[PDB]
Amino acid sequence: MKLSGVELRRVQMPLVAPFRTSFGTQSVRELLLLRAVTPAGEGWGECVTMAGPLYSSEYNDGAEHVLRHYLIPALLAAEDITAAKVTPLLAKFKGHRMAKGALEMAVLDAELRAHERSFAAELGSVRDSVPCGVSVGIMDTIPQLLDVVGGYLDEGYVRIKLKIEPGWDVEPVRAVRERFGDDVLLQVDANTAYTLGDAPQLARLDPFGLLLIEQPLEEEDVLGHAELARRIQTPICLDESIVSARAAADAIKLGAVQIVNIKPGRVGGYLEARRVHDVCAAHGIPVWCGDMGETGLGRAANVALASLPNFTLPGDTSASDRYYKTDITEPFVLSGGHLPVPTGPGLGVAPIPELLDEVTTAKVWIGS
């Protein structure tokens, strides 16, 4: 098929409750959507960049720019396009993975819609539904955290992940363990906020039986993580560092990681995410599905991905209402702690135009 053009939307969606992370607080989610147009029909992609370069180097304005001036033109110029061929067509351009991933997603949704095939089917789903956990931010006070956690447990979420940062690590975990007991699946995530010198402090988490600690150190410090794993008992999970299947293989060979968070956007797409899944599986490394506050479009693709065989831990693909009062698609609703895998062609969901329009702040067409 030949790409006719792509529409770039900016979109802005308020969060039910502000969400605090070691790199800041977020009240509203600003994001990029893409509508790829082909002779056959349309498909949708979502970019997981944030407003500024605080989680990784990519951010909304920068992704929009590289998409407009480099990535989309290079696809418009090709005689034939496949989702798979996206990667080699964009290979000359270094990095910009979240951007490439978004564009691949859109192309893929189009391709698959035209073959009446689901994201699940293409990726290799073996399950109709997936158990879901929830990620809980940093709070101002312990009792406030305990209320939020108890709330998410009552809704039937299967696992709790706490954001952490120097100043907020051992106490919150101790408190959650004293209140809710030792049988709750419990894990933490630093989003890079520690250094190796903080090892004794992270070792203080040893006694609380956490599943894992996620990205304690900076993105590039793979060897540091392997050192850290020799000094603590909590298993290391990597997120930011895992930018590709190769990077996963490398981190595993070096003993830097025992469990991997897959975020499709972070690795340059759903197809590379499948590869990460398979590489980890070949080494005995469990994976789970990460989340970047996606709309229902990305959430639908993530739920499909999380239904692959080696996703053996609950993911962060929480229900739509954990982030948004009003999703721009048919919302995802937790049911017995699980989310159901979409069945339609492509994503198996699409934006409801009235809701999308409420929430769109800009729109531009990139054609021939």
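Residue positions are given as counts along the sequence shown, with the first one as 1.
Selected stretch [higher average CA B-factor]: 175 to 183 or 83 to 91: Comparing averages over the C-alpha atoms only gives 175 to 183.
124 to 132 versus 71 to 79 - greater average Cα B-factor per the deposited record: It is 71 to 79 that shows the higher mean C-alpha B-factor.
Criterion, highest CA B-factor; candidates, 34, 50, 308, 301: Reading the PDB entry, the winner on C-alpha B-factor is 50.
Relative C-alpha B-factor of residue 60, binned into the chain's lowest, middle or highest third: It belongs to the middle third of the chain when residues are ordered by C-alpha B-factor.
Modelled-residue ranking by C-alpha temperature factor, third containing residue 200: Within its chain, residue 200 is a middle-third residue by C-alpha B-factor, going by the deposited values.
Residue 219, C-alpha B-factor rank within chain (lowest, middle or highest third): Within its chain, residue 219 is a middle-third residue by C-alpha B-factor, going by the deposited values.
Within-chain third of residue 54 by Cα B-factor, per the entry: For residue 54, whose C-alpha B-factor we compare with every modelled residue in the chain, the answer is the lowest third.
Chain third (lowest, middle, highest) by recorded CA B-factor, residue given as residue 144: Its C-alpha B-factor belongs to the highest third of this chain's values.
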